């Protein structure tokens, strides 16, 4: 066999604790190279210490091939052990029938394996629930709605910035425009969100900051006055909670804005500033050479977000900075009862900080949701001691590439399978899935205003293990290129809203919350049934939910389902190009 393609990494996503007495174990092999895998596993000490003749390796446990990413196959088994100590090894058999044992000591013929020595085996030494990954149950039942607050609704003209423009969803906004959106506007349209079936609101930054996006924080302890005040934000969280809607805020801890008191003190006092070591300043005075692009300087003497001199990086290794940020993070949860933090540029802040942050948040709220914004693979933040999940950009990015750019269905399934095998099973169910955002082009623009394609993308994404999110205005078909064009004033004029798409989104949210989310410890199955034709299945012990997506150029016939949940063709058997059909059936 292909020995170089076989790997087990102990104490990782390949070997982890699920509950007090139960672990999940995975093995990677080369694709279709290994025909079968059995696990030899038991209490390490039982070998030497128990007087019985029985030994744990005499009774293998069958592992199951669960996924393939086109390069590797992934195998998994669940193991229960009352002594809460586990030694294990793998019995692998290849296509020609060559069998070997694979352990911490390498590859062996079965006859040459020292199976009586506990130190031969891989080890899960004691099952430690304090170290395990935990997923908050309520996230399972959530569909999120992302609000960029300057652009959702102006509920109060009296707090509008100078130069506020008339509200017009057909505008192409500039980088520095203001339209007057605020917290009162969100409060005014909570009925719309409840009627859509939303159960969680994700807000972009709302703290005091000079810009329209407010990622250049001036004061983390104050609601921006053009958005509202403390009383109004408390009123908003309570009204959301009254409707069964959770609230997630944006924490921008990697950098601070240059109009903050801290940075301004650095500019005044140089290295004698009490805040000098809160930043990353290579040479004093802190300076840069301005360019014609507000967001770019080539030679700042301090580290920044990207190359923008207005966003000096915070030194989160400094204990004064750790204390400052933890106090901010605690304040908004303890005083306003928010339910989750979305962490801006989370990957550029150290693990030491994130572990302290995790500890603080879980002590306040055991079911808190910590969501990191990271575009690349994020295994090291998803062990169970830092974040709950990350933005699932790679996963939704593959979905978009398939629907928009003519990839093979095999390629998409390979990519999604790869993603799932990066992380623990429970982690995958917490990942945050959005097909667009305040940073990227809008769905309807990506789809070149093909509404059928947009519906296909949304439905496919809403069937995935992670939790879905709708960017404000998706439900009415709003268009937009990249930032700032993806930040148009919300469309509230009915003559400009796509009512068909709104009705469809209501139905899809209901399939997600009432059908998919109520499955019990379901599995997902990806089947490539034809050229650009995919069957997705979610199934538990009683119920199977099947979706078929025809994204080729021919018609596809399927058996008439007894119980159709959602479809785009009027036919109950025919799927034209870009049609899909979702149905439910009992498992026999």
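Numbering follows the first chain given and starts at 1.
- Set 566 to 574 against 10 to 18 and average the Cα temperature factors; 566 to 574 ends up higher.
- Taking only CA atoms, the mean B-factor in the PDB entry is higher for 169 to 177 than for the other of 373 to 381 and 169 to 177.
- Listed residues 425, 306, 270, 114 were ranked by CA B-factor as deposited; 114 comes out on top.
- Of the residues listed, 348, 219, 258, 229, the entry assigns the biggest Cα temperature factor to 229.
- Among the modelled residues of its chain, residue 214 has a C-alpha B-factor that falls in the middle third according to the deposited record.
- Among the modelled residues of its chain, residue 50 has a C-alpha B-factor that falls in the middle third, as given in the PDB entry.
- Ranked by Cα temperature factor within the chain, residue 448 sits in the highest third according to the deposited record.
- When all modelled residues of the chain are sorted by CA temperature factor, residue 88 is found within the lowest third.
- For residue 484, the recorded CA B-factor ranks within the middle third of the chain. Only modelled residues enter the ranking.
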